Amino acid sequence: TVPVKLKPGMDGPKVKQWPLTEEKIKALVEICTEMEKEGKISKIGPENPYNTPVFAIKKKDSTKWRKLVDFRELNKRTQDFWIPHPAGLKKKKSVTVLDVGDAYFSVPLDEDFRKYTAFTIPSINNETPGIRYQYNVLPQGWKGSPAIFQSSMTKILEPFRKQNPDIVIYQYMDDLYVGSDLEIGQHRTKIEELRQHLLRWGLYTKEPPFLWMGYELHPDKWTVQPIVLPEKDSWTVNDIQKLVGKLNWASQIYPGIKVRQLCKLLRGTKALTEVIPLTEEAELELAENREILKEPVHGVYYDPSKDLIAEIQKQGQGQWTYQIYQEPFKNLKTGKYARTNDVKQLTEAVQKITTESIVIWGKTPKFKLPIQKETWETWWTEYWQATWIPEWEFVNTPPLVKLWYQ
């Protein structure tokens, strides 16, 4: 085992467990009993005060369940480990995700650190204490795991790596991102070979489950959503106001935007539906403004030293808008997600977004979710299927910012 310690002075987490559904509970039971059998984890006593939450999520295209531990807090108190994310990956044609988490089950965990991996299986209506264990092996989801296993991992990958270096292989937590430019067919092929190379070179010491319906992400086609202005035929007082509003807002970002002319068109106390004729003057001001928005504001760069943020907005109808920036008004990306029910949608989007963040910057963002905590807490596990968990917060967006997107 490799000695690992929490960041100086910090103590282990003592997070509370969220109630679960009998069904989900039973899953973890089966799972853990097995893991115990195989010495991966072992029941712990009361001399252990720590606890991380645990969940059961489903493996899509699988009959089996998956355990997901919320090591988020732990990872934050886990000393850093004093491969740089590949700029190439984002650029590739197609990327597929593999769940190489089980590979971790091999490496032993510094005994002195195990106690902190304490997690519990709740009991319905608190009618029984509740099963408590801690890890003995590297746990999936723990920051340390990929690091420690990095070693064996670079090795086991060396061959295939240089064998056909046309493919980019990136690991993030329990995820392995494989990027190529191959033809969709050749891709899925060389993809299956890696799976095998992996099994056939036992890190599983089962072939690597795909993530995301096995489906592939095409980062190549990830385009940013430019702001847009209505292309009205005839402009009513109302339309114009709504136009000026939006513009004013966007002016914050793009300083060259001007509304002086459009604002004139709105002299006095006219009636909302009264149709106003665009004047040559204003006509060329809109046009300009319109041209300015055609692209993302210049000068927005990613600073690895700052947190990545992501807010999502509901546009109703099953459509969603979202943005990723590290500084207000200075987005690094923006997109949308379309259709089920709200939550399902949201979780899908979050994961989708995270997955990109990872692919682009090899880091998870901090989402701002437009929903009520209790609701999220209740259903997210029902559709969640990634192996990581982003950091989130809950907000009540102003129906103004929504009106300025899509």
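One rule holds for the numbers: they count along the sequence shown, beginning at 1.
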Problem - Gap size, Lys206 back to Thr205 (deposited sequence, no coordinates) - result: 4 to 9
Handout entry: Residue range whose averaged C-alpha B-factor is higher in the record, 292-300 or 158-166
Key = 158-166
Handout entry: Stretch with the higher entry mean CA B-factor, where the candidates are 134-142 and 215-223
Key = 215-223
Practice task
Identify, among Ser357, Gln372, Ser42, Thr63, the residue whose C-alpha carries the highest B-factor in the deposited PDB entry.
Solution key: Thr63
Completion exercise
Note to self: of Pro86, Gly245, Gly335, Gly101, the C-alpha temperature factor tops out at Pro86
Practice task
Going by the recorded CA B-factors, say which third of the chain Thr128 sits in, lowest, middle or highest.
Solution key: lowest
Exercise for the section: Taking the chain's C-alpha temperature factors as the reference, tell me which third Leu278 falls into: lowest, middle or highest. Expected result: highest
Problem - Third assignment of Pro209 from its chain's C-alpha B-factors - result: highest
Completion exercise
For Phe119, the third of its chain by CA B-factor is the lowest
Practice task
Among all modelled residues of this chain, ranked by Cα B factor, put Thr321 in the bottom, middle or top third, i.e. lowest, middle or highest.
Solution key: middle
